[PDB]
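Presented as structure tokens, the chain that follows is alone, the form deposited without this ligand.
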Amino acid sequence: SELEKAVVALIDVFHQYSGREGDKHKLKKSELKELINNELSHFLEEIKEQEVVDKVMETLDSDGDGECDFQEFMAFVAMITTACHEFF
């Protein structure tokens, strides 16, 4: 179904980016920056300043280890999706 394909896509995109550097199952700041800039260009302003990268990570990093894990990424997707469902 389209829903199953959506679930597969969320897993795949997280792993494409999380696997680049360091912990292969978490997004460091550089990985999260590239994910947003490359994959969310219709929904979010391009990130071009360290201050914005820092603030985004600070927001998403609920457990405070400085990285975005899969559960934190799902919370981010839920934010984006809700903002879209409510833009209209």
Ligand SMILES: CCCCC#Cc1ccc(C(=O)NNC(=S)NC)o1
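Note that residue numbering follows the sequence shown and begins at 1.
Heads up, the form solved in complex with this ligand isn't pictured, but that's what we're talking about next.
- Judged by the 2.4 Å clash test against backbone and C-beta atoms, the pocket of this chain is open once this ligand is superposed from its pose in the entry with it bound, as not a single ligand atom violates the cut-off.
- Interface membership of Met74, defined by any non-hydrogen atom within 4.5 Å of this ligand in the entry with it bound, is ruled out.
- Interface residues of 54 to 88, taken as those with a heavy atom within 4.5 Å of this ligand in the entry with it bound (partner not displayed): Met79, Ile80, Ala83, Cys84, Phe87, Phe88, in sequence order.
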